[PDB]
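One structure below.
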Amino acid sequence: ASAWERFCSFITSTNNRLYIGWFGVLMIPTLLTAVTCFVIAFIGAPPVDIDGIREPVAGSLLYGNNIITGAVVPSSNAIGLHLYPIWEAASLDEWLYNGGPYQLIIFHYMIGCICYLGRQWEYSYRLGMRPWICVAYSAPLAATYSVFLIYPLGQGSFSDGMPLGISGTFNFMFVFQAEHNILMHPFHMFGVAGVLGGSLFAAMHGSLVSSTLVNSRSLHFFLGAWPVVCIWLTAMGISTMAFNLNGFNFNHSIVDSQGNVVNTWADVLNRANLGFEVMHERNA
Amino acid sequence: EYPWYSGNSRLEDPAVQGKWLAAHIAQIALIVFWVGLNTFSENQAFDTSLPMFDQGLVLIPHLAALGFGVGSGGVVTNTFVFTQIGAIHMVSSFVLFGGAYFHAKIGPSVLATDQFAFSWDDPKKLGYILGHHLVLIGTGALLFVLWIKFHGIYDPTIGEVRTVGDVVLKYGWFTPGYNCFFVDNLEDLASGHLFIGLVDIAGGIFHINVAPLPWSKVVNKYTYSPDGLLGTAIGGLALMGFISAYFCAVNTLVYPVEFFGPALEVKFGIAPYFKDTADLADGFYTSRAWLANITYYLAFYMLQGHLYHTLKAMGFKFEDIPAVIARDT
Amino acid sequence: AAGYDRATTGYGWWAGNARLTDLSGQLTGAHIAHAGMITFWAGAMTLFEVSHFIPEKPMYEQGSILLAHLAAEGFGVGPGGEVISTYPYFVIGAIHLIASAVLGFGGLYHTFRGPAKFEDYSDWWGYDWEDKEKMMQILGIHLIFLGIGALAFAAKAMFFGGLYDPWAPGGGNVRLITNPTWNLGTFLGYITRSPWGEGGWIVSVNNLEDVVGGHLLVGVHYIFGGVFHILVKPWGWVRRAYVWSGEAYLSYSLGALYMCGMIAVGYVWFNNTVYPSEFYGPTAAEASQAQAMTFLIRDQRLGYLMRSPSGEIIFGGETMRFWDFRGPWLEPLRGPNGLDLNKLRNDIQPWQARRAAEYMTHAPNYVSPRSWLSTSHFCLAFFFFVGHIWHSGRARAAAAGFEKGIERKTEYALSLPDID
Amino acid sequence: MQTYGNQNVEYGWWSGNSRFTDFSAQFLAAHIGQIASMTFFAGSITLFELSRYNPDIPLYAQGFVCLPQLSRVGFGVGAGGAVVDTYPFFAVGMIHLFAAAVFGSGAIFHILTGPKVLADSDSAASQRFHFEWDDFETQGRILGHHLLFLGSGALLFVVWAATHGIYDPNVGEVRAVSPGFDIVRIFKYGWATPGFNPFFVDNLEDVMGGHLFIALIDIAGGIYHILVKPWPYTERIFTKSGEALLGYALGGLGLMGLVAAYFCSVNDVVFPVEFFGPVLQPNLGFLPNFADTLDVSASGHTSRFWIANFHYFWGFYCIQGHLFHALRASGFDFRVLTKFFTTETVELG
Ligand code: CL7
Ligand SMILES: CC1=C(/C=C/C(C)=C/C=C/C(C)=C/C=C/C=C(C)/C=C/C=C(C)/C=C/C2=C[C@H](C)[C@H](O)CC2(C)C)C(C)(C)C[C@@H](O)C1
Ligand SMILES: CC1=C(/C=C/C(C)=C/C=C/C(C)=C/C=C/C=C(C)/C=C/C=C(C)/C=C/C2=C[C@H](C)[C@H](O)CC2(C)C)C(C)(C)C[C@@H](O)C1
Ligand SMILES: CC1=C(/C=C/C(C)=C/C=C/C(C)=C/C=C/C=C(C)/C=C/C=C(C)/C=C/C2=C[C@H](C)[C@H](O)CC2(C)C)C(C)(C)C[C@@H](O)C1
Ligand SMILES: [Fe+2]
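Protein chains in written order, with the authors' numbering: chain 1A, 11 to 224, 267 to 336; chain 11, 10 to 121, 128 to 179, 187 to 351; chain 1C, 35 to 337, 352 to 412, 430 to 485; chain 12, 1 to 349.
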């Protein structure tokens with residue numbers, strides 16, 4: 011009953027309402043920090059110079075936006091990959107102006123996510139069950155790390171990271187499509203197949219069980277495995293596109309015998325990408 | 010019994026003694042074999058035009074110091090002498106290999128003529144062996160003295176080879199006109215070599231003639247043993263290596279700047295070393311630096327090995343070390 | 035045959051290798067054969083890239099990655115990143131192919147001919163997983179081999195040809211390092227550097243003296259640590275803080291390899307010193323800054353900079369995100385506070401102005434070697450993280466005993482007090 | 001040792017050096033090894049400093065503790081504290097290293113020569129060296145011999161200063177010094193009457209006279225202790241145990257360390273300015289410090305700063321160790337401290 015032993019028996023105990031565990035020891039502060047800062051910076055936060063051009067972009071509720079259009083703007087383009095802690099800032103108002111809250115939120119959130127995976131494993135151990143829920147959870151984890159961490163690393167700044175907002179997500183998707191043509195990348199096709207097929211198999215399994223309940269184990273194995281594998285693949289696809297290894301490109305493929313070019317659907321898709329791109333790229 | 014990696018410890022057995030002898034013969038052959046082989050490769054890679062202290066020539070400068078193809082200084086006129094010396098050594102190697110094989114598997118397994132046959136605890140035997148080896152060593156020293164008298168070695172101050187007073191009792195006191203590591207006189211070198219040859223021969227005569235005395239059997243607490251004898255020999259070797267490294271680093275009369283490069287500066291980081299004080303190209307070091315540093319560090323690890331063998335010779339066993347660290351977890 | 039079926043092992047064919055857990059000889063044979071595979075790939079790819087090499091085009095335009103690794107070490111290269119002769123590459127490839135042949139022979143021999151379980155043949159080679167001392171000693175021996183390898187790399191950099199230093203004057207040049215760094219303050223400053231953009235953890239090394247000194251230091255430490263492992267026992271707390279089985283050791287190795295893979299991606303993508311831009315092409319930062327400088331050169335010839357957030361002189365536009373990037377062709381045009389405009393007015397030597405455009409074209430249609438390496442090894446590192454989790458969980462459960470399912474009649478959750 | 005009550009105590013490896021307190025041969029071996037370590041430090045550090053010496057930089061600016069000490073005592077220093085010839089320093093360091101090797105060889109010799117106890121060794125003359133932690137006669141003779149060695153060392157210093165000369169910052173160049181002898185002025189330095197303060201000695205002649213006096217005193221005391229058994233009252237006062245003698249020695253050493261620390265920071269003659277740097281000033285915040293009295297900007301700290309501060313700490317913690325060992329040897333066990341917050345009295349012998 012050493013004080014240290016008593017503490018350990020408290021944390022690694024299956025009688026709390028929510029299991030804490032050693033991974034949860036890191037999970038709780040980081041997640042609480044991320045949630046608190048996200049709430050604060052989503053309700054009210056100054057406009058952020060996303061383009062690093064002294065011109066700001068607002069995203070908070072008190073500055074005009076609603077839930078659909080509000081967001082937490084990524085840290086400024088001038089910062090690059092530099093960590094921007096509050097104590098490493100010239101002035102609080104400036105630190106907000108450069109987009110520090112985004113950095114705070116995403117870093118605490120990513121650490122909390124990986125610790126949450128660890129906590130899942132730990133409790134599976136403490137209860138005496140095979141410890142592979144965490145393996146399945148590793149897929150959406152990979153996806154978030156792709157959009158928030160790996161893509162900015164490949165692109166050199168967190169200004170290319172995903173905004174934390176509903177409309178920011180769509181803006182990110184369209185700019186990503188413009189610059190990398192993700193639709194014609196096979197890994198995203200695997201991901202689309204994964205989500206749609208996962209819904210299909212979920213509906214089929216639920217209908218069958220709820221209809222007759224009024267190797268079969270391999271059935272549930274396949275249920276678990278299919279969408280997880282596809283999400284791993286599409287997360288890897290995003291990560292590869294973060295290193296300028298873009299998808300397929302079939303523009304200007306068929307040419308007339310004399311030398312003219314006959315259009316195909318890929319050219320229409322490329323022209324749509326061209327529109328998205330030229331609307332992007334403020335200057336050149 | 011010993012494992013294969015420690016296989017040579019099997020030769021420690023007096024049951025198989027002559028084979029042990031074979032090994033030593035082989036070693037010397039290998040040694041003299043290298044003296045040939047190295048030189049040949051050196052003679053291949055030695056450009057005459059360049060200064061001799063730039064390319065990897067260690068033996069060629071040593072020959073250059075002993076005359077052997079030098080005129081008014083900075084003069085190379087015949088690379089055939091170097092090849093001759095290398096060939097002599099390499100041919101002697103074949104003879105020594107023959108003797109090694111004769112004792113290895115043709116000769117008796119154990120010497121037990129019997130006059131050569133000895134035991135690890137026969138002080139008269141070792142005394143006479145020591146005397147004979149000392150006599151040969153002093154003979155080589157006097158041979159070098161004769162070479163000085165007749166052929167004469169390169170001198171930098173004279174700028175040319177030249178042939179040739188015992189104030190050695192003052193050099194030994196390192197009086198400010200001394201510190202032999204700074205000798206600059208051919209006559210000093212010749213006289214000191216005469217003295218050391220004479221003293222070596224006198225000691226050899228004495229050791230063959232007279233058995234070890236009790237007064238000196240008192241101090242030699244444990245050296246009358248294989249490990250003890252090996253340890254004392256290794257310690258002597260390390261001492262000699264340190265002295266030779268210092269000589270090579272500092273002395274310029276014996277090691278001329280022409281073939282060896284300028285003197286070395288003694289520097290110390292965590293461990294000692296010798297720096298060039300020469301504006302050689304980056305990545306290149308004078309032959310003097312190579313000689314001094316490799317010699318010194320070989321001598322340092324010889325000292326470590328002397329400690330190991332000496333400790334094993336006295337009442338100590340190294341395999342007990344983990345067990346101790348087992349008890350005090 | 036016996037033991038090669040599901041009934042006699044419990045593992046389906048798709049988990050066949052699991053059967054090898056306690057068959058020491060065959061497992062060793064599999065490892066040796068796999069090493070043979072790796073070195074065979076190395077040699078074969080080297081020979082392929084040599085056979086398709088073209089001296090006029092750069093390596094990164096030509097599309098060779100195994101050749102660039104040798105080029106960095108300076109095997110048959112010249113000043114300014116120019117090959118002299120592709121013979122040493124052929125030498126290396128042939129040596130690797132021969133070594134692969136030997137290793138494959140050894141692997142087949144232990145797989146089929148030799149003893150199945152070394153424990154029967156001898157005891158130094160017979161090992162069981164749950165023997166902590168034996169595993170410690172084997173780890174120590176292999177650590178010693180790694181240390182010898184690292185010291186070998188340092189010795190090559192100091193005596194045998196050296197490395198292609200791209201910070202030599204007038205473009206890169208093959209050099210022999212003579213002044214290795216050994217101050218411990220430098221080493222600590224490297225380790226405790228921020229992994230973030232606030233510097234770079236170890237990826238931020240920019241001179242070859244630090245590289246050579248670091249390899250010296252690590253080789254010394256590896257040899258020492260191997261000796262220590264051979265000579266001592268695992269402490270009590272160490273014995274109580276690990277899992278001791280084959281799968282657990284595999285999981286530890288997987289975690290280490292995942293970490294190394296991520297760090298290698300960081301090196302290949304952010305470093306222009308130990309991956310010279312002459313061979314792997316420009317980094318993303320280098321490409322952006324070269325584009326900015328070439329446009330500035332053209333605009334100054336026909337008749352744009354700005355202030356940093358800290359107030360220095362940097363380029364303008366998107367490239368501000370690479371404001372702190374340091375490069376060999378750009379470093380001479382530096383200043384106490386950012387690249388001075390006056391310096392850019394009349395200090396652009398011809399080779400730097402050629403490198404700027406040559407890098408502007410090849411911004412990572431065309432895919433840089435950096436892109437290939439980075440993407441491939443990020444994917445490999447992620448999957449090795451997943452494997453680390455899988456095997457660590459399996460090891461922990463199997464050691465506990467509940468790996469093959471929950472026990473119907475002694476289920477643990479059924480005994481806990483309800484939380485509500 | 002102490003072994004409160006229960007004998008045959010078991011010591012962990014952290015306190016493992018108390019195991020050989022009863023093995024005279026091993027005791028000798030340990031102390032010969034320690035002295036080897038000291039002289040090895042002297043020589044090796046001399047070389048380590050010589051490697052990075054800059055004639056341009058003033059000597060005290062660079063971090064040295066040995067070049068100033070050698071240059072003070074003659075050894076290749078020109079007029080105005082100029083290091084003309086840097087070879088004698090090399091010679092001194094080399095002799096120190098050779099001595100260290102000799103001492104270490106002797107240390108291993110004794111650690112492996114014979115029995116752990118020097119009583120059993122059948123040398124029949126090494127048994128002349130076996131001592132006890134109770135007998136004051138043998139320890140008195142030992143003390144006498146060691147005092148003889150110290151007095152011989154002081155004599156050697158006197159001779160070397162008389163013949164070879166020695167640096168004199170007041171003169172400004174190496175110079176032979178006449179050995180003074182004035183018992184009156186020695187005692188006036190003892191009282192620290194206003195003219196003479198011991199830590200402000202101005203003439204090397206006074207220092208030399210005091211050293212002559214010290215040599216005479218040490219040699220006389222050594223003879224006296226070899227010949228004469230301790231008086232009974234010294235058995236009444238002092239306890240007879242090893243840890244007790246360690247405590248006495250530790251107290252003495254702590255005092256000497258504090259004295260030397262104060263000496264370094266203040267005296268300018270025996271610690272010349274050109275070698276060690278300008279004098280320090282003693283400050284007392286929480287703990288005593290020695291302020292450099294010089295702008296540490298672009299000059300680090302003078303060697304005098306380092307010597308003085310290090311030896312203040314050495315002296316202070318030697319005092320604390322003396323208190324610890326005296327408390328143990330008198331009989332006080334510190335385990336009783338754990339009973340502090342209870343109602344049981346925190347007290348025993
Ligand atoms: C992907 C996560 C993963 C990693 C990276 C990983 N393992 Mg395993 N792994 C093992 C070793 C191992 C080593 C030495 C090692 C590191 O080098 C790894 N692992 C690494 C063996 C001890 C043990 C037995 C493995 C065994 O017996 O056989 C392996 C089985 C198969 C089918 C191999 C075929 C591979 C797949 C077709 C993947 C295709 C990739 C593709 C070709 C790449 C090129 C692209 C192409 C399109 C051109 C093991 C298992 C197993 C699994 C599972 C699920 C894993 N793993 C998973 C991983 C067992 O059931 C199983 C297990 O433990 O059951 C008890
Ligand atoms: C006493 C003792 C022992 C130790 C015993 C040892 C190891 C004693 C050490 C003995 C040594 C190291 C003796 C060394 C002697 C060196 C000599 C005699 C040097 C001779 C050099 C000469 C004559 C040089 C000559 C020139 C040569 C050269 C050309 C110069 O240009 C000119 C000139 C003239 C200087 C043990 C081991 C027995 C036991 C110990 O416990 C105590
Ligand atoms: C044999 C044996 C073993 C023991 C084996 C051991 C411990 C062997 C020890 C081997 C060592 C440590 C050998 C040391 C060799 C020393 C060398 C190679 C010196 C190198 C110096 C060089 C290369 C020059 C370096 C410069 C080069 C240049 C001039 C610089 O400006 C300065 C300067 C001088 C440092 C075991 C343990 C394996 C098994 C036992 O049973 C038996
Ligand atoms: C009193 C007592 C005890 C205590 C006993 C102790 C500890 C007594 C303390 C004794 C001390 C502190 C003695 C110190 C003596 C100091 C001396 C003798 C100093 C000599 C210094 C000299 C000679 C300096 C010489 C020069 C050196 C220097 C150059 C100066 O510029 C000038 C010059 C030339 C004078 C107990 C506790 C042990 C037992 C109790 O019951 C009784
Ligand atoms: Fe279900």
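C-beta: ideal position from N, C-alpha, C; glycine also.
Contact test: residue i Cβ vs ligand 3 heavy atom, cutoff 8 Å
i: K297 (chain 11); result: yes
i: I316 (chain 11); result: yes
i: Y268 (chain 11); result: no
beta-carbon residue i near ligand 4 non-hydrogen atom, thresh 8 Å
i: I186 (chain 12); result: yes
i: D206 (chain 12); result: yes
Cβ-heavy atom distance, residue i to ligand 1, below 8 Å
i: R269 (chain 1A); result: no
i: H456 (chain 1C); result: yes
Proximal residues of chain 11, C-beta to C-beta of residue i below 9 Å
i: residue 429 (chain 1C); result: This structure gives no coordinates for residue 429 (chain 1C). The numbering of chain 1C moves from 412 immediately to 430.
Residue i beta carbon near ligand 2 (any heavy atom closer than 8 Å)
i: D249 (chain 11); result: no
i: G225 (chain 11); result: no
i: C66 (chain 12); result: no
Under 8 Å by beta carbon: chain 11 residues contacting residue i
i: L47 (chain 12); result: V288, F290, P294
Within chain 12, the residues that residue i reaches when beta carbons sit closer than 8 Å
i: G337 (chain 11); result: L112
beta-carbon residue i near ligand 5 non-hydrogen atom, thresh 8 Å
i: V302 (chain 1C); result: no
i: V45 (chain 1A); result: no
Mind listing which residues of the region 85 to 101 of chain 1A have their C-beta closer than 7 Å to chain 1C's C-betas, in chain order? From the region 85 to 101 of chain 1A, only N87, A88, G90, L91, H92, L93 have a Cβ closer than 7 Å to chain 1C.
Count the C-beta pairs between the region 450 to 461 of chain 1C and the region 289 to 296 of chain 1C that are closer than 8 Å, then say yes if the count reaches three, no if not. Taking a cut-off of 8 Å for Cβ pairs, the region 450 to 461 of chain 1C and the region 289 to 296 of chain 1C touch, as three or more such pairs fall below it.
Per the contact definition of three or more C-beta pairs closer than 8 Å, is the region 154 to 169 of chain 1A in contact with the region 67 to 80 of chain 1A? The region 67 to 80 of chain 1A vs the region 154 to 169 of chain 1A: no contact.
Does the region 272 to 282 of chain 11 come into contact with the region 204 to 218 of chain 11, if we say contact requires no fewer than three beta-carbon pairs (one atom in each stretch) closer than 8 Å? Yes, since at least three Cβ pairs between the region 272 to 282 of chain 11 and the region 204 to 218 of chain 11 fall closer than 8 Å, the two stretches touch.
Curious, which full-length beta strand (DSSP E) runs of at least 3 residues does the region 201 to 266 of chain 1C contain? Those beta strand (DSSP E) runs which fall completely within the region 201 to 266 of chain 1C and span 3+ residues are 207 to 209.
Got a sec: which bits of the region 279 to 306 of chain 11 sit with their beta carbon under 8 Å from any beta carbon on chain 1C, in order along the chain? For chain 1C, the residues of the region 279 to 306 of chain 11 that bring a beta carbon within less than 8 Å of one of its beta carbons are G291, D304, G305, in chain order.
Do the region 99 to 107 of chain 11 and the region 66 to 86 of chain 11 touch if we need at least three Cβ pairs shorter than 8 Å? Contact between the region 99 to 107 of chain 11 and the region 66 to 86 of chain 11 is not established, with fewer than three Cβ pairs separated by less than 8 Å.
Any contact of the region 312 to 325 of chain 12 with the region 70 to 79 of chain 12, i.e. 3+ C-beta pairs under 8 Å? The region 312 to 325 of chain 12 makes no contact with the region 70 to 79 of chain 12: fewer than 3 CB pairs, one atom from each, lie closer than 8 Å.
Which residues, in chain order, does the region 315 to 333 of chain 1A contribute to contact with chain 1C at a C-beta distance below 8 Å? Listed in sequence order: no entries.
How do the region 170 to 182 of chain 12 and the region 230 to 248 of chain 12 stand: do at least 3 beta-carbon pairs fall below 8 Å, yes or no? Flag = no, the region 170 to 182 of chain 12 and the region 230 to 248 of chain 12 do not touch.
Would you mind listing the alpha helix (DSSP H) stretches within the region 280 to 313 of chain 12 that are 4+ residues and don't spill past its ends, in chain order? Fully enclosed alpha helix (DSSP H) runs of no fewer than 4 residues are not present anywhere in the region 280 to 313 of chain 12.
Can you list, in chain order, the residues of the region 202 to 226 of chain 1C whose Cβ is nearer than 7 Å to any Cβ on chain 11? Only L210, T212 from the region 202 to 226 of chain 1C bring a Cβ to less than 7 Å from some Cβ of chain 11.
Count the C-beta pairs between the region 171 to 185 of chain 1C and the region 259 to 267 of chain 1C that are closer than 8 Å, then say yes if the count reaches three, no if not. In short, these stretches touch, since the Cβ pair count reaches three.
Validate contact between the region 454 to 467 of chain 1C and the region 282 to 291 of chain 1C using beta carbons, cut 8 Å, 3 pairs: Judged by Cβ distances under 8 Å, the region 454 to 467 of chain 1C makes contact with the region 282 to 291 of chain 1C, as three or more pairs qualify.
Report yes or no: do the region 199 to 210 of chain 1A and the region 279 to 291 of chain 1A share at least 3 C-beta pairs separated by less than 8 Å? Judged by pairs of C-beta atoms under 8 Å, the region 199 to 210 of chain 1A touches the region 279 to 291 of chain 1A, as three or more such pairs exist.
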